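Chains as they are written, first to last, in the entry's author numbering: chain BI, 13 to 69; chain BB, 484 to 531; chain BJ, 18 to 45. Note that the Cβ used here is the ideal one computed from N, Cα and C, for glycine as well. Input: a single structure, listed below in structure tokens.
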Amino acid sequence: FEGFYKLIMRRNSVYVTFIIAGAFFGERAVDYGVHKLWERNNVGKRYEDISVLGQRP
Amino acid sequence: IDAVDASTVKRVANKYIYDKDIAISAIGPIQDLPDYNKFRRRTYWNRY
Amino acid sequence: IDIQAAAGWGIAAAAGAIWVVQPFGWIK
Ligand SMILES: CCCCCCCCCCCCCCCCCC(=O)OC[C@H](COP(=O)(O)O)OC(=O)CCCCCCCCCCCCCCCCC
Numbered sequence: 013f014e015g016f017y018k019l020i021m022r023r024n025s026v027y028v029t030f031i032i033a034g035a036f037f038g039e040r041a042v043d044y045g046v047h048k049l050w051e052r053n054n055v056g057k058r059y060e061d062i063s064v065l066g067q068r069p
Numbered sequence: 484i485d486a487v488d489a490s491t492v493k494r495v496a497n498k499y500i501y502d503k504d505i506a507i508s509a510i511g512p513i514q515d516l517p518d519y520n521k522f523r524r525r526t527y528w529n530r531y
Numbered sequence: 018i019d020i021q022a023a024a025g026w027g028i029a030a031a032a033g034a035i036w037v038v039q040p041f042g043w044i045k
């Protein structure tokens, strides 16, 4: 808690590390949520929802 | 006074100076005096 | 303020390298 909260505000290197970590985690979390809602909005329309997927003849 | 060593000075300066608000009073031909934001930015060093 | 800063800026550089290049799988 207070250790990181005192390092981030007092040393720019720690703040820069915090920015990089936040970018990484936030971009992954939005990629994940945006794909979850995309999957929910398109039920049955996926390539792997094809019933005959695997029998061409 | 003797109890005030270099580490004490740095601790006190970090309490009172580092990234702190400042009050400015100026008079005369002061157009080249930098604005409040410049003074405020110069209270910390981003290289550290 | 010189060794601690060097360590901090090295940690930031390593984190930024892990963030730009994401070799999750090269931990072998
Ligand atoms: C507009 C922006 C301006 C500011 C930025 C300017 C550019 C800044 C530097 C950018 C280049 C450095 C970052 C490299 C990141 C690597 C990318 C990565 O991880 O790829 C994953 C990526 C995966 O893509 P995915 O499948 O879509 O996830 O894989 C690749 O792209 C593999 C190939 C990467 C090789 C790039 C090498 C760059 C040139 C290095 C020097 C070449 C000359 C050396 C000659 C030696 C002679 C002695």
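Task: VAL64 of chain BI CB to nearest heavy atom of ligand 1 below 6 Å - done: no
Open item on the list: Taking a contact to mean a Cβ-Cβ separation below 7 Å, would you say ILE32 of chain BI touches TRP36 of chain BJ in this structure?
Closed with: yes
Task: Beta-carbon proximity check, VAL28 of chain BI vs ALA22 of chain BJ, cutoff 7 Å - done: no
TODO: Kindly list, in the order they appear in chain BB, the residues whose Cβ is closer than 9 Å to that of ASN24 of chain BI.
DONE: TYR527, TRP528, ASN529, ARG530 and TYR531
Open item on the list: Would you call the region 497-507 of chain BB in contact with the region 519-529 of chain BB, where contact means no fewer than 3 C-beta pairs closer than 8 Å?
Closed with: yes
TODO: Report yes or no: is there a C-beta of chain BJ within less than 7 Å of the C-beta of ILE20 of chain BI?
DONE: False, the Cβ-Cβ gap to chain BJ never drops below 7 Å.
Open item on the list: If I follow the unbroken alpha helix (DSSP H) through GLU60 of chain BI, where does it start and stop?
Closed with: Segment: none, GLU60 of chain BI is in no alpha helix (DSSP H) and carries neither H nor E.
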